[PDB]
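Coming up are structure 1 and structure 2: the same protein chain in two forms, each one given alone as structure tokens.
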Structure 1
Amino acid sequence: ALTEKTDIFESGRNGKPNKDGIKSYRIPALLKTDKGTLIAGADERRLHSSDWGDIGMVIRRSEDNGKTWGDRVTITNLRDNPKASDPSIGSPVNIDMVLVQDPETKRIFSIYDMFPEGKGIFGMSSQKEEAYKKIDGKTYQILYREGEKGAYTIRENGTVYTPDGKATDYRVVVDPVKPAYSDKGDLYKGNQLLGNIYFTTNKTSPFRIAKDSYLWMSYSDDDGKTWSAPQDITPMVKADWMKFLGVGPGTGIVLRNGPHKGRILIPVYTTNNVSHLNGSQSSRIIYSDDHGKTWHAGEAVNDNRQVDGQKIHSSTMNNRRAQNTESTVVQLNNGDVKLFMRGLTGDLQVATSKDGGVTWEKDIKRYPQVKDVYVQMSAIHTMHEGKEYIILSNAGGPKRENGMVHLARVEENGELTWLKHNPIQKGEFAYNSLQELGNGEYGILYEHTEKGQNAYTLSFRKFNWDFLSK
């Protein structure tokens, strides 16, 4: 059996905003917390549906295990540029979240992309501006002044600082904010405002950050009810050559066994300056061994990998077919990590790691039993009456439609046997996130539209083992 859909994030209708003024909801993430709570995350795309604009990172909570859901809690929404001529592209952007709970600390992390005002990924500059500087062993974000060339950093209490190293006070950027963090990056000269460092057009202040892709994180210590101010984790994980670095949205994992047990894995992907979105999309994970304090980049699956007798690297590649993008991560009972990667083979592409996410084996396994129409997927480990299984959910196709939940037995070394492919949602079907619910039940937050819904409405369903196996 399978429950009827419960709509958790309701988008507007026929191009028009909903009751709150919001046209679109988008990128689902679902988390089952130690307290038994269900946390549902999404992009709140106010006016409109594209991969940019006024977008907030929002969650909702359920305590009755998915029956009823509380209020929308906004984690982060950066304030729009009020003097931008095109308001649909006139806001700093947060986009795509990953959720994970550290089982030791009970801390819940939401990691998500950040772009200043622009078209977030489809609006990146073709030239690099340095985003960060290491002054005397400490890393500070850079600022670029109008007309002037040179450093400018952000130190101490948001006190700016000239390329001279002179504490040119008057100037402060806010980073211990305050309201719902919409005032992050606000620039003051005195007690009076001015502008915001994430503003790109028609600026009322002289300072902006570098035009780049960024990676932010916020945490909750009260089961998802209140969230910390965004931590900029970018410099810990982003290399000099990297153009884009963003999350593979959905739900991350904590390793439960082997010598790296307790390691947090967050799926991510990069583009390089050689081919950007045309032929360099490359999956990897970032990880933390200290309960979310510091983060590190693992190697890309495409690093030192052989395609057609020629080795590639994610920093230099230009090959459309060899890309792998958004991914979903799972650990086996034998300690292996499997990375299910969105790609362009029409097939399920899977990478294998032996050292817990850092390095990847030579070959990408392909399963013709599971279609991939170039859309996000979620997969989870689950134990049923002995051993062992993985549950994977994505569009059946052709196109982003006919939602499928696929069931595989985990064999031996460490092989997968696809046992059944059960339809879960007819009509439009895109992004989705699976969770184990306890007691042989499972949950899913997925993208789907009906009856003129804008794109997308995010909906929840429970199901049991019978729905999966017969």
Structure 2
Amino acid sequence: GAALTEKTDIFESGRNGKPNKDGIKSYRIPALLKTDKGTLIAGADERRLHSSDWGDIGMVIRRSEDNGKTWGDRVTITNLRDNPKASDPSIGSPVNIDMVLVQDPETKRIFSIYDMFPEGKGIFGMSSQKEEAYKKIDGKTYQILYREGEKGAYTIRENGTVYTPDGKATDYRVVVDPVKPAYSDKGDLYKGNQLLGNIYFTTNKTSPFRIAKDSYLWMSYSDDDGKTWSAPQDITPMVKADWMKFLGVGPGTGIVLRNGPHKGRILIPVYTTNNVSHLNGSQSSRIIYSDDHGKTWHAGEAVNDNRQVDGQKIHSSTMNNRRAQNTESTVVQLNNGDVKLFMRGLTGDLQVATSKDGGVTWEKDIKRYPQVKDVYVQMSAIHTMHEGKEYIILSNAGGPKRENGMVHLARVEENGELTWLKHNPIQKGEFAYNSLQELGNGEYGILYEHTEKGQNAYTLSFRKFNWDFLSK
């Protein structure tokens, strides 16, 4: 009655600290998406040198047209070239990290949203002081460029031409429309046809220009079921406020609202930090959305904005409360229009926020569910129906550490509350960061990180199971 398949390594990592046959050491941060054509897209972070949250990392995906039985070749969405002059090769490359997948059910366009950092240690190597990244000139927005020795703000305008702080064009230009595989030529700084450097390089630079050391949010899309992908789109300035230090997505799979006055809206989990307590107490979860099928993006209010904690109000931009944080999350919409946000936190159990206006604002009280343990690791949840009954599946590590992956089943009551029914294990051993997707015909897929036999950091594996496996 109940069946669960053996694990299928989609992105097989190296061993005992060595690279695999392809020269890749580690894989991390999975994302699973079932497309309109029934295809399964497995995304991940290709860490070519080590497992840490920085370095030469590429955004790759694999496709399956047989519900996960077989998988095609690796398809790279983005892979910025590393700095050939960096002193420490482990931290001498622009970074891309933490992918989120989602498809618009009207246009059939598939989106991929991920973080982007210039050369350095990613989120752990952020310049303490702020550097304005964009400038608004007569309506249009341009990315700022800083010149060595100078204080003014150059800008990247039409055709990638660099403009002086006084608004006059220069002989320098940026590669704004890359053409190389994986778009590895993005940010290349030219002076005519002579390549000088890259605006994303921060050390031992060969060119005089660079962008701000900040957190950026990029987006690539595919109009052919994930076969080919667009060049990266910089959506940072559409959603990132000036007070935000870090702005990154909660890895996994987004959703499209299927009912209510905001049907068609796309939701992408993200979380931020302020300049008050950076990652010590400002980690706040929020959501961005697009009401025009991915053309423009907008930022909702954070769950922590105007939240009452221990008799005091707080805001994501000013808080310094370790335990009140909420990071990487996963979003789900109920049949009653409400939106639930399952957030990674530090309370030891599951925290859930609710929204009645499409994820823009959140309710007063954050619900906690001790039945589901949260060991402070990523999680993914999806909505599913069965014989006219509303359910929600959520998966995450069961404990004691990032171990023993679990699959929790909950009933969506008429009032909007959740009743947790069963908790079945899906993988013994190491288990961190997973992504759920419904496959149809009562079948469900899951992509998750796991190691065994001395495998490096995480190998991402895939499994299927049915409703009978879910109901104890």
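So that the term is clear: the rigid core is the largest set of C-alpha atoms that superpose within 1.5 Å between two forms. Residues that one form lacks are left out of the comparison. Residue numbering: structure 1 sequence, from 1.
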{"query": "Option from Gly165, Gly150, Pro368, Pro179 moving between the two structures, CA shift at or above 2 Å, rigid core reference", "finding": "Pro179"}
{"query": "Between the two structures, how far the Cα of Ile39 shifts once the core is aligned, in Å", "finding": "0.2"}
{"query": "Taking the rigid core as reference, consecutive runs of 3 or more residues that move 2 angstroms or more in Cα between the two structures", "finding": "169 to 180"}
